[PDB]
Protein chains: 4
Amino acid sequence: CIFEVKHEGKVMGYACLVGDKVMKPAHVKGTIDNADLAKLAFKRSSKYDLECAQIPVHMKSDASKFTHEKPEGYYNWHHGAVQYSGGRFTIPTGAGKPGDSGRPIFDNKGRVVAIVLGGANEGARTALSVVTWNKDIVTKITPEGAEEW
Amino acid sequence: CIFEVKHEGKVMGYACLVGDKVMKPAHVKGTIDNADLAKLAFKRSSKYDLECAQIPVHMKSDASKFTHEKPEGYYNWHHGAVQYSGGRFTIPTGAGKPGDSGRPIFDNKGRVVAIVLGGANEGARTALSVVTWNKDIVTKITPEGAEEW
Amino acid sequence: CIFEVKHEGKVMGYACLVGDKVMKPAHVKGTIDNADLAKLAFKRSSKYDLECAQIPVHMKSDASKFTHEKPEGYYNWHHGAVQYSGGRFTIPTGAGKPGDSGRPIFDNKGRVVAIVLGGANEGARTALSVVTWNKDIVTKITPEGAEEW
Amino acid sequence: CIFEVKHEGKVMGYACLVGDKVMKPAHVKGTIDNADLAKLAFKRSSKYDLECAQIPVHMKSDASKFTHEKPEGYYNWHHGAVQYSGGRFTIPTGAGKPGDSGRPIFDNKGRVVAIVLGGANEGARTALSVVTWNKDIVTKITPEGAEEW
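Residues numbered from 1 in each chain as written, not as in the entry; some residues may be left out. Chains lettered and ligands numbered in written order. Part of a larger assembly, values for the part shown. Heavy atoms only, no water.

Listed as the method for this PDB entry is cryo-EM; the listed resolution is 6.8 Å.

Structure representation (structure tokens):
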């Protein structure tokens, strides 16, 4: 489900197969390091800093579902455990760096809960700037002073 | 409840006694291999790719009830266990082939939950294209790129 | 640091990441079997039979440094041990064949000392024709009667 | 000796290095998944549904010889054992599917005896439609009602 965006042979961010679309932050330079994915036609959306396309039938079995359901508590992500509370995802400052955009924040049942776009450093912890699902529709939460990863 | 459609002495699909009607996919060539059923008058419906008729009184005891109730989880079908989630029934790719249309997807109490029409291959798993009951009325879910079995 | 030049799916010579450039003998037919390297713009130099380009930032950590420092004694190369003396690198005749151009001659600390271009057969031993660093600048030593590998 | 024809990243059939030519069924869509082989110039022949070219010198050691000698008995092929008798190769129906064209039928000494093109289903067993060598010249046996794999 996770695929890496490469630019001049260097990993810039990530791309993710969520739902039935193929996502990757718009700000990320490079092209998805996967033939099938790279040749697609993406629809940019500067409001959401998102850039989606549709998953080829032969990879649709490889998507990851996400959910609007996110109760205060701890979530899972590649670098460790994210913490959700007060309508804000945070992590120990230092555990997320530029080039981590696109990485999903799963819950304990595997449902993708949000997709990291960048983070604002507010001391001990960094409030993440994520793309999250509302009642049904996509949304974007960007803490004051975020640094787009 | 399940009866086979034969064409030039060859099984093409199936027919099923659900509710008080006798179903069989419209696209299936052949005639139900059962005297009583074969001589009936079916009403085609190209939107639903369905073709129903009414069950003779002497076979009505042989029908299968179906239900709108289908919670995420595993369902039963002739080739194994179907999986329901995200409003989509799926199976391990390869476990469903042309000539499986008409076959019901039962739950653990025997209630028919959907009727297979075909499936779209999306890699590891195939999203089934089924006829399913809504609040009260019939409906048809057809995943993008389905191959009508 | 070593990459192979392929021609019609056949290894012709080699390419090497020395200093901050990407080298490969000019006489070698084919294109470097590496996406990042292949798409580069090389500057040919018929005097040196050299053909250099610049190493992409993401591979610069993969270069090999070389040195002008080469005291009489034995050096290391893929096929064994080269011998340096009298201002000439030599090897047991037979241990170097066409398709060995581009291969570096390291010392015991890993510094690339010269790059093989071909060799002249003078009996028991073959005097190598190499590209070597002088005080600071590149140079090319070609023994009388060299056979360009 | 066996190489796979890919189409839109999907294996459609096979290509085989027999004698001194490089074969692949004409009906197979895609291009041989091998640089050296892909860039060749093939000569189509619609009568034989064959499409041959010549093996590059560097792969000629990789060809497979074939033989006109084929006595009634069992032959070997990737999915099992083929049976030859009455001038017809057959297999248990189901053991050969679309995408098996190009696959050779070897004997016990490795000599390629025929090359599968498709098969006609005649019940328990399927009569294969193959390309086979006569006294010296190529030939094609196609059982009535063959389904080109």
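What to know about the UniProt feature "disulfide bond" in chain A
Residue and element names in this part refer to chain A. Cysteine pair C1 and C16, annotated in UniProt as disulfide-bonded: S-S separation 5.0 Å, at or above the 2.5 Å cut-off, and the bond is accordingly regarded as not formed. Along the chain, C1 falls in the segment before β1 (2–7). When you line up the elements, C16 lands in strand β2 (residues 10–16). (Disulfide = S-S within 2.5 Å. UniProt positions renumbered as here; feature names shortened; annotations may be inferred. Helix = DSSP H or I, 4+ residues; strand = E, 2+ residues; numbered from the N terminus.)

What to know about the sheet that holds β1(A)
All names here are of chain A. Sheet architecture is open: three strands sit in the order β2-β1-β4, paired in antiparallel fashion. The open sheet terminates on both sides in strands that have one partner only, identified here as β2 and β4 (31–32). Relative to β4, β1 runs antiparallel, the two sharing two bridges. Residue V5 lies in a different strand from β4, and its bridge partner there is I32. (Pairing = 2+ DSSP bridges.)

Observations regarding the arrangement of the chains
Ranking by contact count across three pairs of chains in contact places chains A and B at the top. At the level of C-alpha atoms, the two units chain B and chain C stay apart, their nearest approach being 28 Å. Between chain A and chain D there is no contact, and the shortest C-alpha to C-alpha distance separating them is 8 Å. (Contact = heavy atoms within 4.5 Å.)

Some thoughts on the sheet that holds strand β4 (residues 31–32) of chain D
All names here are of chain D. If you walk across this open sheet you meet the three strands as β2-β1-β4, and the pairing is antiparallel. Of all strands in the sheet, those bounded by a partner on one side alone are β2 (10–16) and β4. Judged from the six bridges that link them, strand β1 (residues 2–7) and β2 form a sheet pairing that is antiparallel. Counterpart to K6 in the pairing with β2 is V11.

A few points about the packing of aromatic side chains
Two descriptors summarise a pair of aromatic rings, namely the distance from one centre to the other and the angle between the planes of the rings. Taken as a whole, this structure holds 20 aromatic pairs over all chains when the rule is applied. Between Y75(A) and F89(A), the ring centres sit 5.6 Å apart and the planes meet at 75 degrees, which makes this aromatic pair edge-to-face. Residue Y75(A) is found in strand β7 (residues 73–77), and its partner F89(A) is found in strand β9 (residues 88–92); the two are separated by 14 residues along the sequence. Residue classification places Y75(A) among the buried positions, given a relative accessible area of 4%. The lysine or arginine in question, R103(C), covers the ring of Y14(C), its NZ or CZ lying 4.5 Å from the ring centre. (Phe/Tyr/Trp six-rings, centres within 6.5 Å; stacked < 30°, edge-to-face > 60°. Buried < 20%, exposed > 50% of the residue type's maximum accessible area, 1.4 Å probe, protein only. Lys NZ or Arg CZ within 6 Å of the ring centre and 35° of its normal.)

A closer look at the relation of the copies chain A and chain B
Rotating chain A by 61 degrees and translating it 0.2 Å along the rotation axis places it on chain B, where the RMSD comes to 0.0 Å. Overall, the copies show the geometry of a six-fold rotation axis. (Least-squares fit on C-alpha atoms.)

Quick look at the pairing of strand β13 (residues 138–141) of chain C
Here four bridges tie strand β12 (residues 125–133) of chain C to β13(C), and the two strands are oriented antiparallel to one another. Counterpart to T132(C) in the pairing with β13(C) is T139(C).

Focus: the state of the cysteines
By the definition in use, this model includes zero disulfides over all chains. Not part of a disulfide, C1(D) finds its nearest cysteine sulfur in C16(D), a span of 5.0 Å.

Concerning the pattern of salt bridges
Counted under the stated rule, the structure contains 37 salt bridges over all chains. The partner of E122(B) in a salt bridge is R88(B), with the nearest N and O atoms 2.6 Å apart. Linking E122(B) in the loop between β11 (112–121) and β12 (125–133) with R88(B) in strand β9 (residues 88–92), this pair joins segments that are 34 residues apart in sequence. A salt bridge links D20(C) to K21(C), with the nearest nitrogen and oxygen atoms 3.7 Å apart. Under the relative-accessibility criterion, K21(C) is labelled partly exposed at 31%. Through salt bridges with shared partners, a single ionic network connects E69(A), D107(A), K109(A) and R111(A). (Salt bridge = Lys/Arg side-chain N within 4 Å of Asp/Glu carboxyl O.)

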